[PDB]
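Undergrad: Here it is, the structure, as structure tokens.
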Amino acid sequence: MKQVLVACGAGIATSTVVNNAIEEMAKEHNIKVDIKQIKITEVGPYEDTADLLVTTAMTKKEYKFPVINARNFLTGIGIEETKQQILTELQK
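Okay, so the sequence shown: first residue is 1 according to the entry's author numbering, each after it adds one.
Structure, rendered in structure tokens:
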């Protein structure tokens, strides 16, 4: 089981496109992955239990995992790109 969180802070209240996107891809792949949604100040305690984290900005902390910028998820087209990187470990 892979618990991947998602913390975005640009305009939308929560990461809708990202989640709705990833969740759509994970299904096609049929992998045992579960997406998680939390606030920017929620990833702190959710660093251990969680496995992967993705954020657009505000990534200045003692993270204990390979954070992946959410720049690719700006519109919703360059998902496959980053997805390939994160998936490299998911289904390594």
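Even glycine gets a Cβ: it sits at the ideal position worked out from N, Cα and C.
(1) Would you mind stating whether residue 12 and residue 90 have Cβ atoms separated by less than 9 angstroms?
(2) Please report how far the alpha carbon of residue 3 lies from the alpha carbon of residue 75, in whole angstroms.
(3) Within the region 19-60, note down every full beta strand (DSSP E) run reaching 3 residues or more, in order along the chain.
(4) For residue 21 and residue 50, what's the separation of their Cα atoms in angstroms?
(5) According to DSSP, simplified to helix, strand and coil, what is residue 67?
TA: In this structure, then:
(1) Here residue 12 refers to the residue found at position 12 when the sequence shown is read from its first residue. Here residue 90 refers to the residue found at position 90 when the sequence shown is read from its first residue. Not in contact: residue 12 and residue 90 (Cβ atoms no closer than 9 angstroms).
(2) Position 3 of the sequence shown holds residue 3. Position 75 of the sequence shown holds residue 75. Whole-angstrom Cα-Cα distance: 24 angstroms.
(3) 33-35 and 52-55
(4) Walking along the sequence shown from the start, residue 21 turns up at place 21. Walking along the sequence shown from the start, residue 50 turns up at place 50. Rounded to the nearest angstrom, the two C-alpha atoms are 19 angstroms apart.
(5) As a first step, residue 67 is located in the sequence shown; it is residue number 67 there, counting from the start. Coil at residue 67, not helix or strand.
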